[PDB]
Amino acid sequence: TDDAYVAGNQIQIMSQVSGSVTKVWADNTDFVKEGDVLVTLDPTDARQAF
Amino acid sequence: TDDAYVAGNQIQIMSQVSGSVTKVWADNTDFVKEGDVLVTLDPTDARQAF
Amino acid sequence: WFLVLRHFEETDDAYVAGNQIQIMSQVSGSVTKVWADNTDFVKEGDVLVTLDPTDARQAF
Amino acid sequence: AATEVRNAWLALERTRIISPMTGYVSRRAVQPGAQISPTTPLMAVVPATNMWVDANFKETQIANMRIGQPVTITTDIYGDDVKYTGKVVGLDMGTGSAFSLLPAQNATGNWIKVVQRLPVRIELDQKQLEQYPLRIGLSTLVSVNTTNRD
Amino acid sequence: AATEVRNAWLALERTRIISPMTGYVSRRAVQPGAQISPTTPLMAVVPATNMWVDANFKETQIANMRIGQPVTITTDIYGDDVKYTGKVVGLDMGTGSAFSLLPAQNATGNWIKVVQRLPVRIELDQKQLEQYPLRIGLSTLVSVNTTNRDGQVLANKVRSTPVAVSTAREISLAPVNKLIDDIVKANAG
C-alpha cells in the first residue's frame, strides 16, 4: 500500500499554574533536553502566598 | 442490503482526579485486563492533603 | 546549465512571517479609555487601555 | 501549617515550566505578556527516536496478515536507493471512518459504497534511523510478506 | 495583613493595561464601555523588527538541505529591483497535517495520493528590512543553494540566553511598603 505515513509521539506543553509570561527559551526547530525551562512566569503572587 | 457494517462497544478511559501524567503503561494495539493500570499521575498534592 | 539548476531548489509557496501578541488584561472590569487605534506605533511600557477603579479601591 | 507551606512552595516552584521530553520545538503560540491558564497550549516537542509507520490497507488485503511478518518500507524523500526493514506490530480494532474524529453517517439514502481501510502498525528499526532521519507525516510505500501464516 | 494589602494594591494597579512590546496596532476589537475578562482579546501589537520566511518545499526537495546554506529571496511588492540574503535555520519535524484537528480527507470519499510539503525556516538580514520593510503574509520566490553538504540536518546546540523577554508587567513594591509603614506608625499609638 502507498497510503502509509510516518507516525511518532508529539507532546503539548501546558502549565500547571496561571500567570503572565516573562521569558521564552526555545523559538522553533530548536533542540531541547529533558528538564530544561521553556517559559517563565511573573512570581509576585506566588511569593506573596508563600 | 449492502449498507451493513459491524459495530461494537468502546470505552473512553478517563481519570477520576486531576494531575500530571508520569507514566503510561499501554500503546495502541495492546491487550489489557480489568485491573491493569493504564496511566499514572504525580501523587504529591494528594499526599499533602492526606 | 541544467544540473546547475539541479544544484538549487526553488518554491513559490513562501510567505513572510512574524510575531504577534494578543493584549489581554490580568483583571476584570469596565473600560473607560482606549489609547490607540489601528496603525499606531506603541512603545514597550505604554498604556493601551484603562478601567474603572471603583471596584478595586473598595478592596484596597 | 507545614503542609500549607509546602503547597505554597510547590506553587512558586512551578512558575518555571520544564520540558518533560527530549525533542524539537515545532509550533510556538506563546509570546511575552500572554495570559496563560493550564488549558492553553504553548509549544510542541517532537522527539526523533521512536518512530513507526501507519499503513492503511483495504479490507481485502488484511485477510492473511499476522503479527511478526517481514516488511519493507521505502520512503519518498530518499527513494529506492534507501530501504527500511520492519515487522508488523498489530492490526487495529476499527476502520478509519468508524474511529475518525468526525463520524461517517451511512444511513442517509445518498450513500455510495466504498471499500474501507484498516490502520496497521509497523515497527521500524532504529539503527538505520540515525543514518537517515525521518520526519512525522512523510509518505512511504510499504510491503508485507504474507508467505508465512502461523 | 500586609500580604493581603499588597495583593489588593497590585489588583488596583493592574487597572491599567500596558504594552509588553514595541510595535504597531492591528485588529482593535475593544470599545469604551465593554465588559472584559482576562480571556477576552483586546487588540494585537505586531513588532516590525525580526521577521523570517516559511518556505514550503515538497518531500522531493527536502533532502540535500542542511542548516546554514545560502538563500536568495525575492518579493513581489518590490519586484526584482531588490534582493534578500538569508540562511536556513532548520527544518520542522512535522508536515502540518500532524497536528490537524480534522480528517485530511472525507470518510465517505475515496483516498487519493497527495505529495506532502514540509516547512523550512529562513532568517533574513536585518539591514535590508529597515530600508525595504516587509509585512506579514506577503508572497516571495525562494531559492536555496545546496552545493555544499556537511550533513547537519538536526540542530543539537542548546542556548543559555532566552529568545524573547519582556519585563514591562513587573511592578515594584516601594509605594505599597511606604504606605504600610505609615499606617503601622499611625495605628501604633
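Quick note: the coordinates plus some simple rules give every number you see, no bench work behind them. Reconstructed Cβ throughout: ideal geometry from the backbone, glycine too, with neighbour counts over all protein chains shown.
Observations on the model:
- Conditions (1) within 14 Å of chain D (Cβ to nearest Cβ); (2) closer than 25 Å to E:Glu59 by Cα; (3) without any contact (Cβ under 8 Å) to a residue 60 or more places away in the chain: number failed by E:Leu118: (3)
- Residue match in the stretch E:2-10 (condition: within 12 Å of chain D (Cβ to nearest Cβ) and farther than 21 Å from E:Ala155 by Cα): yes
- Search result, residues across the stretch C:44-60 that are assigned to a helix (DSSP H, G or I) and not small (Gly, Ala, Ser): C:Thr54, C:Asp55, C:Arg57, C:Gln58
- Hey, D:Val5 over 27 Å from E:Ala44 (Cβ atoms) and under 17 Å from the mean Cα position of the chain (by Cα) or not: no
- Residue ID - farthest from the other protein chains (Cβ to nearest Cβ), chosen from residues in the stretch E:23-45 that are touching a residue at least 24 places away in the same chain (Cβ under 8 Å), surrounded by 17 or more Cβ atoms within 10 Å (Cβ to Cβ) and within 30 Å of E:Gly86 (Cβ to Cβ): E:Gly23
- With respect to (1) within 14 Å of chain B (Cβ to nearest Cβ); (2) among the small types (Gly, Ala, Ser); (3) out of contact with any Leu (no Cβ under 7 Å at 6 or more places or on another chain), the lone exception for D:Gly79 is condition (1).
- Summed over the stretch D:58-70, the residues that are touching a residue at least 40 places away in the same chain (Cβ under 8 Å) and either part of a loop (DSSP other than H, G, I, E, B) or within 14 Å of chain B (Cβ to nearest Cβ) (or both) give a count of 6.
- Tally, over the stretch E:76-110, of residues that are at negative phi, surrounded by 20 or more Cβ atoms within 10 Å (Cβ to Cβ) and part of a strand (DSSP E or B): 4
- Residues that are aromatic (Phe, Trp, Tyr) and surrounded by fewer than 11 Cβ atoms within 10 Å (Cβ to Cβ) do occur in the stretch B:15-33.
- Qualifying residue in the stretch C:21-40 (condition: assigned to a strand (DSSP E or B), of a type in the set (S, T, N, Q) and free of Cβ contacts under 8 Å to residues at least 12 places away in the same chain): yes
- Scope chain A; condition of a type in the set (A, V, I, L, M), under 28 Å from E:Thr95 (Cβ atoms) and out of contact with any strand residue (DSSP E or B) (no Cβ under 8 Å at 6 or more places or on another chain); matching residues: A:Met14
- Among residues of the stretch E:71-98 that are within 12 Å of E:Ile122 (Cα to Cα), those with a beta-carbon under 6 Å from a residue that is in a strand (DSSP E or B) and of a type in the set (S, T, N, Q) at least six positions away or on a different chain give the pairs E:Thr72/E:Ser143; E:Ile73/E:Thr140; E:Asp92/D:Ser26.
- For the stretch E:150-175, a residue qualifies if it is polar (S, T, N, Q) and at the interface with another protein chain (Cβ under 7 Å from one of its Cβ atoms), and the qualifying residues are E:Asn156, E:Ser166, E:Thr167.
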